[PDB]
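Below you will find one chain, with nothing else, as structure tokens; this is the form deposited in one PDB entry, and questions on how it binds or moves follow later.
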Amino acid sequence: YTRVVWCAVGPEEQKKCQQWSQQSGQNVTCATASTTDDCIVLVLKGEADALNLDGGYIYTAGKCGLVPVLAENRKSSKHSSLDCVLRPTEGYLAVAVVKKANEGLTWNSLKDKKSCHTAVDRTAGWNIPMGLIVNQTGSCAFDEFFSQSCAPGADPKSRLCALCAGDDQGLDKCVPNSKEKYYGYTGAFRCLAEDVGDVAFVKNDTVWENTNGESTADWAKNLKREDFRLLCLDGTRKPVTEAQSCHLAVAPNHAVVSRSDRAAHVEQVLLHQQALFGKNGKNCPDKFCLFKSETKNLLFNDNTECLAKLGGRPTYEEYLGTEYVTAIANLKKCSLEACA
């Protein structure tokens, strides 16, 4: 009853969810699907209760009647006076990142180059950059803009999946879950780091989290921030320290969604779960930490300080905001469970 079924996307999230389930005494239980879209369907059917989603997917889920419950809140400079759960959510910066050594590559010469994207339909990895490119181009032919890409979730035989690598064994190429090597913020930044693509569309935090010894992962151990540049919309290149003046847009934080008839119960349980496994929780370091997964951002982003209450009980449109909703609608003109 007072029990919540979480939806995990792919086998690595399933394994983390199982740990959470065991440690929560079954107050939380786990359903698994191969894609975020299938998880959303499980939630609509009432077979799962909730999962945490990028804004691009909140748009999808929202049209189907799901609602934002709590949002990821990361640590912050300003607003210091308030407690994390009650503090405003600032948003993250979507950026386009390249290697400094790839000189003369700018926003204006991106045509025909190779790209790395978090997943189709996600905010920084897809909706923002492709929305911008469609506008500037006057063509819905976004699948012919880059020569090759890894954009998990697109046709595996198309050039949008040509750079994706699949898992250990080459299986699951381009699936939009963490089995795909280049999936997600981390995967797309790795796609750039290994020089598979020329540009990665990720968020500001990703670059900092995987450079200068922050990550210890073999592929990122030796990465230095100075070897990277951000592409600015004015045709200029800047160091990654200048993200506030060189981003594509500001994105709404990832958030937990659920069926509206279950929102109150999901909120209640999660607030308690984070008191136990959260950043300064009774058991976090010692037994289980909800917001850690070795840089893999499983279930939640690793840089999450807490899940925060929303305030103004926003609808999904209010939560995403007018600027972003219009961007998506316009991009969606280019290309149930089709709820609206």
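Start at 1 and count along the sequence shown; that's the residue number.
As for the form deposited with a partner chain bound, it is not shown, yet the points below apply to it.
- Proximity to the partner chain in the entry with it bound, defined as a heavy atom within 4.5 Å, singles out one entry of 271, 41, 310, 284, which is 41.
- Of the listed positions (60, 52, 297, 304), a single one reaches within 4.5 angstroms of the partner chain by any non-hydrogen atom in the entry with it bound, namely 60.
- Taken together, 37, 64 and 333 are fully in contact with the partner chain in the entry with it bound: each brings a heavy atom within 4.5 Å.
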